[PDB]
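Before any questions on how it binds or moves, here is one chain, the form deposited in one PDB entry, in structure tokens.
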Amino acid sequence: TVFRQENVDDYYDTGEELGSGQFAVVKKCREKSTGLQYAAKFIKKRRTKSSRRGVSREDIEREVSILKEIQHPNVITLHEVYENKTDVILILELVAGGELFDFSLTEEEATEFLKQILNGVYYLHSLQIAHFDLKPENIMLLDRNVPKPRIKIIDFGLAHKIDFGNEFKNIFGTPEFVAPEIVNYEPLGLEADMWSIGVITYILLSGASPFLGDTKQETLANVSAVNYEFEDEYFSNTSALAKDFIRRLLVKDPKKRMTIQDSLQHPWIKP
């Protein structure tokens, strides 16, 4: 699939940089024709078949195809796609409130964010989309100054359609947040996202990462072994029902882990 090959600078003006990654940079931008503001994600293309730098066109097209499907208040939306010899440029919804990461919470404040995350993931999983990269860095806010901000899931760079219940691909996500099946290179499905939500919930309530070791290999080994516990110093005033929610997500066997529908019916969440 080919994208718009006119010069993006003829239609948008860029401004403040919003984020920077290994093969992508995100810049605030403004469309000349409407004055409306967006985020332009510039993704570096691979320049040869066998190269390791840049993103393969297969991976870019999968991300764009997934982004084109989604329209939900808790997920970022795609406006337009451009390309040139060097980059594919996604013109994405502007989410300006910064990361949930940059932003310890009470259980009401945690659940207010968490319910929005669960609503967004329920939408994705309903469409058989696994995100595969859920972490606080990929949960942004629309306005960080209100008492209960509205969140958007970003970064569909690892997302995959799961039309056979599982996919057999390697997912190089962030060690602190990936499920054991990712660590062990096993078939992957929607369940991996539910583990990541469990990690996110643990951090939201305590300010501490449940599996984090001193090195990446330590973290991965801890994930695979389900080596975590609720430290009383951090959880002494957290309800047992909040701990129950986390415990039913941080489960090694994906078949025994709570699904997104289970998580919405769990007594800590269900109104």
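In this text, rigid core is short for the largest set of C-alphas that superpose within 1.5 Å between two forms. Sequential numbering from 1, following the sequence displayed.
The segment from residue 103 to residue 104 is interrupted, since 4 to 9 residues of the deposited sequence in that interval carry no coordinates. As recorded in the PDB entry, 144 to 152 is the stretch of 163 to 171 and 144 to 152 with the greater mean C-alpha temperature factor. The mean Cα B-factor in the deposited entry runs higher for 47 to 55 than for the other of 47 to 55 and 211 to 219. The residue among 193, 176, 93, 108 whose C-alpha atom has the highest B-factor in the PDB entry is 108. When the C-alpha B factors of 229, 31, 63, 232 are read from the deposited coordinates, the top value falls at 232. Split the chain's modelled residues into thirds by C-alpha temperature factor. Residue 206 is in the middle one. Ranked against the other modelled residues of its chain, the C-alpha B-factor of residue 98 as given in the entry falls in the highest third. Residue-level temperature factors show residue 9 in the highest third of its chain, judged at the C-alpha atom. Split the chain's modelled residues into thirds by C-alpha temperature factor. Residue 236 is in the highest one. The entry lists a Cα temperature factor for residue 82 that places it in the middle third of the chain's modelled residues.
Keep in mind the form deposited in another entry is missing from the figure; the text below concerns it.
Superposing the two forms on their core leaves just one of 126, 174, 166, 119 with a Cα displacement of at least 2 Å between this form and the one not shown, namely 166.
Taking 2 Å as the criterion, residue 71 does not count as shifted between this form and the one not shown: its C-alpha moves by less than this amount when the rigid core is aligned. In the core-superposed comparison between this form and the one not shown, residue 145 has its Cα shifted by at least 2 Å. Relative to this form, in the other form the C-alpha atoms of residue 146 and residue 36 approach one another by 3 angstroms or more. Between residue 147 and residue 36, the Cα spacing is smaller in the other form than in the shown form, differing by no less than 3 Å.
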